[PDB]
């Protein structure tokens, strides 16, 4: 019975059903290559005409449909969904999501391959260069901002919003940082500017916003300078 992989090319309906249902029940990865048509209804609504795609169903209920291009799936369902195979004029893979109600229907016109991959993964990703690690860097070593900077809070909620880092300078002013792990764009400045306005209410005009990022878009620089805010160039560190 059980090897990591079970493949059948150009399978019978009996074989299809056999494997598909076995995948769902054994909680393993179903992969399929097929000519299909897709029907999605949910937050938005979509239609995809006949063509060959890859289809993946994870044991956690995530459902992917990949065309020959891009990175993103053309259609999907996120983890937690429930899938059932339905026999009709053609077999149909059907994933239902509750909360929000969403339906994905993959009509299988021709199945070129069905497979069951019983995959064992105990390892999880280890990633460095996050903005969280920027914050770790700053709290360990505040001078990367400027002399006498005193970081105090992280992900601190002010009244409306949550600021990346809140602290004080050598003059005793409230200081806001918004951090970005890549070049900072207009929404970055809008974030900072938003937090500073709100802080100016309690603490007055003392308050300095600083954008901390490796670089800055032209439009970000403009809006920064128009609003009298500051920029510290900082690269996110790699372990």
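Residue numbers count along the first chain shown, from 1.
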Review point. Got a sec? Mean C-alpha B-factor, which is higher, 168 to 176 or 64 to 72?
Key: 168 to 176
Point to revise | Given 52 to 60 and 200 to 208, the range whose Cα B-factors average higher in the PDB entry | key: 200 to 208
Revision key, fill the gap. Among 109, 89, 105, 123, the highest C-alpha B-factor in the PDB entry belongs to 123
**Study point:** Highest-ranked of 114, 94, 163, 145 once sorted by CA temperature factor in the record
**Key:** 163
Exercise for review: Rank-wise, by C-alpha B-factor, drop residue 154 into the lowest, middle or highest third of its chain.
Suggested key: middle
Point to revise | Record-listed C-alpha B factor of residue 84: chain third | key: lowest
Study note, to complete from the structure: On the chain's distribution of Cα B-factors, residue 33 falls within the third called lowest
Exercise for review: Using the B-factors in the PDB entry, rank residue 138's C-alpha atom against the chain and give the third, lowest, middle or highest.
Suggested key: highest
Study note, to complete from the structure: On the chain's distribution of Cα B-factors, residue 224 falls within the third called lowest
